[PDB]
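First comes one chain, alone, set out as structure tokens in the form solved without the partner chain.
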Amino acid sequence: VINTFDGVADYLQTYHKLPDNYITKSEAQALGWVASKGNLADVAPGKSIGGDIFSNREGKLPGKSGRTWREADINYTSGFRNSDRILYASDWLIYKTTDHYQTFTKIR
């Protein structure tokens, strides 16, 4: 599984897409995922949540018209989701978060 920051970021860059292990929460919900139960590994073995649009409500991330930000879970294996996320733009700027969207740092 390609679920590490470096794996995802190198990948995102050479393929312009998320690796195979990711699904959206809506997708995830459709196969039986309940956030309150921390059961994703059960309904969707070996997958993590990633590919939903991050709204960038608080302008912490570089803005531009035509630019869309997207999110994805990092270092997930089973249980409750962690606080680790990767944020990628349509123009392919990659940022990381480890504090649940509070602070962002450039990775690519």
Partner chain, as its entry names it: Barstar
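Numbering follows the first chain given and starts at 1.
Once the C-alpha B-factors are averaged per stretch, 65-73 and 26-34 rank with 65-73 first. Stretches compared: 9-17, 92-100. Higher mean C-alpha B-factor in the entry: 9-17. Among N82, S55, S48, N39, the highest C-alpha B-factor in the deposited entry belongs to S55.
Keep in mind that the form solved in complex with the partner chain is missing from the display, and what follows is about it.
Proximity of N82 to the partner chain in the deposited complex falls within the 4.5 Å heavy atom cutoff.
Heavy atoms of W33 reach within 4.5 Å of the partner chain in the deposited complex, making it an interface residue. Among residues of the shown chain, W69 is not one whose heavy atoms approach the partner chain to within 4.5 Å in the deposited complex.
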